[PDB]
Amino acid sequence: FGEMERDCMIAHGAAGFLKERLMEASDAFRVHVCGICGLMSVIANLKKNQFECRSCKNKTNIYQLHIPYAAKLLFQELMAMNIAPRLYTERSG
Amino acid sequence: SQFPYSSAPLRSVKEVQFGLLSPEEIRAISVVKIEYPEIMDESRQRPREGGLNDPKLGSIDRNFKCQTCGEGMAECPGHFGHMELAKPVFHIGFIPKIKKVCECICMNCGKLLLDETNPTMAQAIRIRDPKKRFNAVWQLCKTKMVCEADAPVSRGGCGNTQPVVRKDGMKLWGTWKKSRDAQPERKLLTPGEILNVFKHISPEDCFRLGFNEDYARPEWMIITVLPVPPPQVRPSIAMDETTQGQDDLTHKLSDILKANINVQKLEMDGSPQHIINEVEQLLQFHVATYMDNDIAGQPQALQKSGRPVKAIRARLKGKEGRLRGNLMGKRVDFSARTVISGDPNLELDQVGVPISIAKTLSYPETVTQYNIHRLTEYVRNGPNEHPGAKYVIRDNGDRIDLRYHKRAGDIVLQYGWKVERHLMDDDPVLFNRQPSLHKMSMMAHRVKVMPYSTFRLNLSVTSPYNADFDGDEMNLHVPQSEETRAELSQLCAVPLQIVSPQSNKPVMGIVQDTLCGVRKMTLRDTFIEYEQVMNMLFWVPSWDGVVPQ
Amino acid sequence: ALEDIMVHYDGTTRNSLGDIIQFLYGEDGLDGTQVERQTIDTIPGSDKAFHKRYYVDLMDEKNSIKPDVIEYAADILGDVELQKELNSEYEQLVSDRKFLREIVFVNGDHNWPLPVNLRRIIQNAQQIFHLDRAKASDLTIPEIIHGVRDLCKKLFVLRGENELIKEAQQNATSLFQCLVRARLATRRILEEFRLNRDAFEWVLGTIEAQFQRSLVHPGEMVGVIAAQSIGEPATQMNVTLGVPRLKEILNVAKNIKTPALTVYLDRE
Amino acid sequence: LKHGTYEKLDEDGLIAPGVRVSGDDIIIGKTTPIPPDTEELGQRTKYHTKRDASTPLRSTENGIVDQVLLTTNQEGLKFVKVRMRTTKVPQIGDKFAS
Amino acid sequence: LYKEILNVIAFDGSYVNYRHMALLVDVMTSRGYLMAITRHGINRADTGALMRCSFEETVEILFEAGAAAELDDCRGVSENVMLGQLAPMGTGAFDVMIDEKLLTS
Amino acid sequence: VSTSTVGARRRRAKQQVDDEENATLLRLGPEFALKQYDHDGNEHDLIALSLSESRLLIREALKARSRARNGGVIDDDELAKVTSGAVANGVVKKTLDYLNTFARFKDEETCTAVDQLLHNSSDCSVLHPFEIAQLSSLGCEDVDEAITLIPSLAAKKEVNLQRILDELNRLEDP
Amino acid sequence: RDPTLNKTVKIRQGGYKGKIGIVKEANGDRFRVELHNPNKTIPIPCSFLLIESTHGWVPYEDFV
Amino acid sequence: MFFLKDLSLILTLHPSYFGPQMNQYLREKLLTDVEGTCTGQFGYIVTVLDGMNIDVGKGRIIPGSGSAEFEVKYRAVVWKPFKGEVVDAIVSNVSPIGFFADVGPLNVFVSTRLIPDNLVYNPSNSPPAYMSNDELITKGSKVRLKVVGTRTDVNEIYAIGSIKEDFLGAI
Amino acid sequence: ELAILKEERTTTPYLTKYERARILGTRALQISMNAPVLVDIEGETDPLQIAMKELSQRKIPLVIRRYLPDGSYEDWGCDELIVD
RNA sequence: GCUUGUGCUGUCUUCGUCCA
Ligand SMILES: [Mg+2]
Ligand SMILES: [Zn+2]
Ligand SMILES: [Zn+2]
Ligand SMILES: [Zn+2]
């Protein structure tokens, strides 16, 4: 599903179909993010039910996101080049 | 519902804040320190701790679990490590920016060469945009070549003359006009010295330069500690049945770590300055070509085969890069492709689908009291007969593969379960031909299951697709949800696309032998007898049963 | 370049930053699939033909409405209030003719894409209400005048009571109101189309409903549609022209291949 | 092992000419040795010492085995070639030209 | 600009509706000066870094965004596409709430 | 699970010493700071509650809920059993027992008089609400005892602590 | 596991009478048999088969 | 110490409950999910004031799943211990390593290393107790202790007290 | 604050095509997940057809929140928007 | 008494198919 097909689906106005194509029919992934630093550095043990961002030293302000696996890979490669992409779930102003 | 339960609330991303990573943050988010170049412990499995494939960095194996989060390969995202460098080095992407900042400030007392007393400087301060603010401040302070001990009343200036800094390779040279003519000396500006100078810059001066005290600090452009990506970023491959080859990034990190140990041992034992310079330039070259191997004006880092090293930068650019190749467009599931054929006996919004393609593709239908009997009939039919089904999905998400189930005839369906039934008649599907020049290249059709291995189209839709039947192929996409089916059937359907907004005229018409025949049949001297008239009238689906006089 | 441009619920066209690109999409706020070529009847012709077609004089007996087309033909001559209404209609038509001929279309072109096909609506009304036969019409002239005048103030492109909103709304429907007034003229309705009361009310309601249905929908990604609509002809295609000239225009090249001036001289 | 069948192989690990083959069926049986696990704790005849490296037929193809070749390579190890034969009848969607 | 584009399009007999070229030249002249449809025109805007990097000069744009501590508000379609979210366009330009008042009936 | 009305608090670089919870230093953290915000965003003060005030509030709320659930038609056990959840029932039973066995003021009017004395007093206009709650809860008898148990009151020597304690003992039912 | 998997079989009834095949899938009575000449696999009930043995063709019941 | 706090909860409702009784069902679900819970950030939530008149607002339909998400804001009474605070307690169990007390729902453990030496544990006593010449502390005896450390769990709080300072011990 | 009072609503009173598609999809999904139906179904079984029947009779219990570019919004009931 | 096994490389190069 190339870029031109994406533009055609934008021109149709079908946002739900585009989201389903690019996530459910492809690399859908779930990550946890700290609510303070906004980094994907949470250490989650789901069956032990314990979450922790060791850097920010917090256990309660943690969320889960559904993002493409390629987006996760891109953010990790950016982090490898010392760039800090921080994902926040609220606006500031 | 394909992910195991987590008590963390589910939210979406509203803002992305960019910035640089501080050494404190790199040390804090790390789970282990990488200091051993050897990948394998003793060539007897169980990779060495503190190495580039430490088991705390994450698990990329089916039977092994991550020692940091305890999750399996499917769920573990990978964890970062760090690698302390013996000497600081430049980040290859920020060297011109470091040069411009060095021009902007004073190399001895870390202060801007000009203050707000100059009205032009105040105007340069006023602009909110950090890039333009930095550009203006740089355009001003570049001219100023001497720190002012007193106000042009002491501004804290040390009075020293500002050198001329020129870039060559990754090395900056600061030419001081030491005290008409004299003998000027150009001395190397080592990364440690610039780092120390940047570290003394006040927060307010940092803000004046367009940097941010919290996220983007000027001394963080110098690498003192290197984050180590998890194995998920740099997976190993299986070249043959036995030997497995390491990724390019792993080899480059091994080279960096060897150079670091070399620098450290050399400094500790005995220090001829020339040898220090050689080995430290080797370390700088390795760190620079680990991130950018397309540096102009110097040779590329090569593999043992002679092919150049694949750097991180080259993973993100081009058609096959991360952005264009895996985010703006990707390969998707639930799709089909085959040759297309014409069918005069199909409706305008119908598509003929081969039986094998209908058996392969599926739609997950929710079991309700309106369809439970039909769905259990489909489940009894099985994955090899049409109309059948391929999977039964429980509420908890466990799939039941109907191929390898010995009691598929004894499966009882509960409300709320999902059945992945075969593609059936009148299911909306998206149909597409490349290149997709306009929005009429993707339209939603209705499925009709037919024999033989081609897709079948009404001939009036061949114009918007720009298709013919001399070998062309077209793609088909199956929606997987009720909302997505409604979107396809109410927005992208073929009848809704008859008139195009480009020229406010139709894009579909009568073509080919239908056009020739309608010209021939409507000539003034064409007459038809009663029996043929009855046949032609019965051929009309919308005919009301009344024969005209 | 155009991917993030969308029509919003206030009618404006904006990008992802909220910067306004157009205060109304297409300067008329209409969808590109809802317009057809129609002729504006006040633009062409001579002054004699325009006067003969549109002027109704209730004093002179040979330049009035025909007596076999209206049942009230007797008590019509000599009225002054009705003559004032007819004069107001004619002055509005003359103003429309001046406006179109002097500001909008100066070369006399009068076949332009507009919404709501009026000819189709009129012939549909004629077919539905059986407007054939020489039967006189019961449609009074003030009814025609007030119906057309009220119709020309219910074509809502923008909603609101602010004065700027009203000015923009009046601006957006100028050409369409000119078309409607040129077609639904009193003499034309009474003689050429021969509508009655029921047909007239049906035509007014149909015009209003169809104009409401021709507006662009908020949420449209008109930028991508414009990009595809411009790039599609480029696929199928001494002054440089074609694809190199399109490249020169889109790149804003400083040195074009064939610079040229178009110099116009004074009349003499 | 793979999901395909192995009953069409002979003692020498090679299929014989004249046998019907469907997709994924195994036509060449090959194994490579592997250092045994702690299964010497006691597994009389069921301790794994080999890993399967067999060659399956292409999933989209089927036909008849036409000829099986056995020889030795330049180095000196065994070397096999299996040829499959099938008939293709024209149908809807096949390309022709003058 | 509209006259030149119309000349180029209409020379070979083709026809394009006015609103498309009007939107194009309005984007090309909205900033007070001529903005070319190139990286020098498009990528010198105030849009988000993620939206600009996906066109051209990806790594340079990301390095500049990191050094400048840019904040992407994720309002464009490209950011939501590459984050796997419902883009604020078409059917995603509004929200759907549950009408408790009507449900009483 | 439940989220406070205070949000944001993003990453920075400075570290402060007024971050650890400490009753003696009167550092109650951000979520229990002296300044709070309601659902309307208006200014709001931290609301401490003594055992008398807490007992009155829990009894009032529980009896209101019990009356509402019964169609608008005193025992602690039945009132605890009104609530749902076995662990919730155990928690409310433990709180009811703790409050009952340490109730300094079981009367509404006595609690009202205590609250008015501890609020409208000029000396108490500077006292932190946590200090007020601790004084009304622990039932101290001596200034030295109160200072030892509550170190924050040592720095506030402009408070007529002894007479306030004697008034509290007088109001306390023997 | 059925004793008829990967065994040569002959069809005795229906539209494919007298065609030699091999049993590939056998779950509940609907044996999947590939046909030697037509490159296809067809479903068939166990009643319509004839399993080869060392002494001629045997019916399904008389073999299991 | 007890406090009044303005709390919020996110409640997700399945479409099968989209009926006229949606508001009351959400209220009872909120009560069952809030009353008696223990969150380390806040402490212990004991009761919710005005529990039958809580505004729930309008729920937002989650795209792709149909279920509505509700934001419910409420005021509740919350109790949380603090480091360095002196509170009363009741001894619940006696052990050689120390004694376990109960402060409402919270259980506080005090080790012998934080107990004065004269309060020697007597296991022969009926019931077993930590007794001195003039003091005798056993099960059910009123004790005044000072909270020194607090341990936070996923949905539990563990506190550690001490009685080695003045104005502590038996009361 | 961001909410706009019902008397001064200035957006179009007609249901757009995107809103119609999204409302039909959401209602069909809810019906397929066992939500109560507010219209009498004669013999209809398909959730989308039932949703369309509900829409034609103005019985869909959903609210559309239309967002303005500045951040404010208007709330419109599905029963007070004109549908063609 | 006897029970059926559960998956796949990477990187280049060349030749092709349908549009343009
Ligand atoms: Mg072709
Ligand atoms: Zn964090
Ligand atoms: Zn892990
Ligand atoms: Zn200086």
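Cut-offs applied
Residues numbered from 1 in each chain as written, not as in the entry; some residues may be left out. Chains lettered and ligands numbered in written order. Part of a larger assembly, values for the part shown. Heavy atoms only, no water. Helix = DSSP H or I, 4+ residues; strand = E, 2+ residues; numbered from the N terminus. Rg over C-alpha atoms; globule rule 2.2 N^0.38 Å. Buried < 20%, exposed > 50% of the residue type's maximum accessible area, 1.4 Å probe, protein only. Contact = heavy atoms within 4.5 Å. Areas by Shrake-Rupley, 256 points an atom, 1.4 Å probe, with all protein chains shown as cover. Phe/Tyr/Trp six-rings, centres within 6.5 Å; stacked < 30°, edge-to-face > 60°. Donors = N, O, S within 2.8 Å, 3.2 Å for Na, K, Ca; no water. Tetrahedral: all angles 85-135°; square planar, octahedral: opposite > 155°, others 65-115°. Pairing = 2+ DSSP bridges. Near = heavy atom within 4 Å. Polar contact = N/O pair within 3.5 Å; in protein donor to acceptor, adjacent residues only side chain to side chain. Nonpolar A, V, L, I, M, F, W, Y, C, P; charged D, E, K, R; others polar. UniProt positions renumbered as here; feature names shortened; annotations may be inferred. Axes fitted to C-alpha atoms, helices over the stretch in contact; angles between N-to-C directions. Parallel < 35°, antiparallel > 145°, perpendicular 65-115°, else oblique. Left-handed = near helix turned anticlockwise from the far one by under 90°.

The record lists cryo-EM as the method behind this PDB entry and 3.4 Å as its resolution.

This part is about the overall build of chain A. On a plain count of helices and strands, chain A comes out with three helices and three strands. Element order for chain A, N to C, with α for helix and β for strand: α-α-β-β-α-β. Rg of the C-alpha trace for chain A: 16 Å, well past the compact-globule value of 12 Å for 93 residues, more than 25% over. On the principal axes, the C-alpha backbone points of chain A span a range of 45 × 30 × 30 Å. Residues counted as buried form 74% of the 93 residues belonging to chain A. Here the contacts in chain A between residues at least 6 apart in sequence split such that 51% fall between residues at least 24 apart. A total accessible area of about 2,700 Å² is found for chain A, and carbon and sulfur atoms account for 48% of it.

The next thing to look at is the packing of aromatic side chains. Enumeration over the complete set of coordinates arrives at 25 aromatic pairs over all chains. Between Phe94 of chain B and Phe63 of chain E, the ring centres sit 5.4 Å apart and the planes meet at 50 degrees, which makes this aromatic pair tilted. Taken together, the residues span two chains, with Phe94 of chain B in the loop between β2 (81–90) and α2 (95–104) and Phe63 of chain E in helix α5 (residues 58–68). Side by side, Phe94 of chain B and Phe63 of chain E carry an identical accessibility label, which is buried. Taking 6.1 Å as the distance between ring centres and 70 degrees as the angle between the ring planes, the aromatic pair formed by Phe32 of chain F and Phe82 of chain H counts as edge-to-face. With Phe32 of chain F in the loop between β1 (3–4) and β2 (35–37) and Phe82 of chain H in the loop between β5 (68–79) and β6 (85–95), this residue pair bridges two chains. Just as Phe32 of chain F is buried, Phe82 of chain H falls in that class too.

Below, the discussion takes up the coordination of the zinc ion (ligand 2). Ideal donor angles around a metal are set by the shape: a four-donor tetrahedron calls for 109.5 degrees, a six-donor octahedron for 90 or 180 degrees. All names here are of chain A. Here the zinc ion (ligand 2) is held by the protein donor atoms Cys34 (SG), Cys37 (SG), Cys53 (SG) and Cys56 (SG), which lie 2.3 Å from it. For the zinc ion (ligand 2), the four donor atoms are set out with angles of 101 to 112 degrees between them, so the coordination reads as tetrahedral. Site description for the zinc ion (ligand 2): donor spacing in sequence, C-x2-C-x15-C-x2-C. Summarising the burial analysis for this pair, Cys53 and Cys56 share the class buried.

This part covers the side chain of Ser362 of chain B. All names here are of chain B. Tracing the chain through its elements places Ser362 in strand β9 (residues 362–366). Relative accessible area serves as the criterion here: at 4%, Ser362 is assigned to the buried category. Ignoring anything within four residues of it in the chain, the contact list for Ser362 reads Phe334, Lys390, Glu420, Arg421, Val478 and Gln480.

Residues and elements named next belong to chain B. With five of five residues buried, β9 is to be regarded as a mostly interior element. Side chains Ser362, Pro364 and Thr366 project from β9 onto one buried face, and the interleaved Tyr363 and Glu365 project onto a second face that is buried too. In the sheet, β9 pairs with strand β12 (residues 418–422) via five bridges, with the strands oriented antiparallel. When the bridges of β12 are listed, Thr366 appears paired with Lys418.

Bringing the protein's contact with RNA strand J into the picture now. Neighbouring RNA strand J are 16 residues; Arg62, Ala238 and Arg433 of chain B together with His3 and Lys95 of chain D lie closest to it. Here RNA strand J approaches the protein such that, of its atoms within 4 Å, sugar and phosphate make up 52%. Contacts to RNA strand J include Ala238 of chain B, whose backbone N or O atom sits 2.9 Å from a base oxygen. Contacts to RNA strand J include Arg433 of chain B, whose side-chain N or O atom sits 3.1 Å from a sugar or linking oxygen. Here the surface near RNA strand J is built from residues that sort into six nonpolar, three polar and seven charged.

Let us look at the coordination of the magnesium ion (ligand 1). All names here are of chain B. Protein-derived coordination of the magnesium ion (ligand 1) comes from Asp468 (OD), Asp470 (OD) and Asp472 (OD), at a distance range of 2.0 to 2.2 Å. Mapping the donors of the magnesium ion (ligand 1) onto the primary sequence gives the spacing D-x1-D-x1-D. Classification of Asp470 as partly exposed rests on a relative accessible area of 48%.

Residue and element names in this part refer to chain A. With numbering matched to this structure, UniProt assigns "binding site: Zn(2+) 1" (unreviewed entry) to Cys34, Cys37, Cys53 and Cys56. The greatest C-alpha distance among the annotated residues, which extend across 23 residues, is 8.8 Å, indicating that they converge on a single site. Here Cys34 lies in strand β1 (residues 28–34). Looking at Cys34, the relative accessible area reads 1%, which means it is buried. Apart from the residues within four sequence positions on either side, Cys34 is in contact with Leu39, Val42, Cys53, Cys56, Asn58, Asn61 and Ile62.

Look at the UniProt record and you will see "binding site: Zn(2+) 2" (unreviewed entry) annotated at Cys37 and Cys53 of chain A. Maximum C-alpha separation among the annotated residues is 8.8 Å over a sequence range of 17 residues, consistent with a single clustered spot. Mapping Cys37 of chain A onto the fold places it in the loop between β1 and β2 (62–68). Looking at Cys37 of chain A, the relative accessible area reads 1%, which means it is buried. Excluding residues that lie within four positions of it along the chain, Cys37 of chain A makes contacts with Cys53, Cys56, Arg86 and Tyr88 of chain A, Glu25 of chain B together with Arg11 of chain F. One can find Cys53 of chain A in the loop between β1 and β2. Here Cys53 of chain A falls in the buried class, since its relative accessible area comes to 0%. With residues near it in sequence (within four places) discarded, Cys53 of chain A still touches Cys34, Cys37, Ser41, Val42, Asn58 and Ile62 of chain A.

Residue and element names in this part refer to chain B. In spatial order, the strands read β9-β12-β10-β11; together these four strands make up an open sheet with antiparallel pairing. On the outer flanks of this sheet lie β9 and β11 (399–401), each paired with one strand and no other. Ignoring strand direction, the axes of neighbouring strands in this sheet form an average angle of 25 degrees. For strand β10 (residues 389–393) and β11, the ladder comprises three bridges, and the chain directions are antiparallel. Across the sheet, the residue bridging to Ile393 is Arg399, located in β11.

Moving on to the side chain of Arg183 of chain C. Looking at the element boundaries, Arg183 of chain C is found in helix α6 (residues 174–183). For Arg183 of chain C, a relative accessible area of 9% puts it in the buried group.

Here we come to the packing of helix α1 (residues 51–69) of chain F against helix α4 (residues 108–120) of chain F. Residues and elements named next belong to chain F. Following both chains from N to C, one finds α1 and α4 inclined at 135 degrees, their axes separated by 10 Å at the closest point. Regarding the angle of α1 to α4, the classification is oblique. Every pair of crossing elements has a handedness; the one defined by α1 and α4 is left-handed. Listed contacts from α4 to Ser52, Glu53 and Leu56 of α1 are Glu108, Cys111 and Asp115. Grouping the amino acids of the contact of α1 with α4 by side-chain chemistry returns two nonpolar, one polar and three charged.

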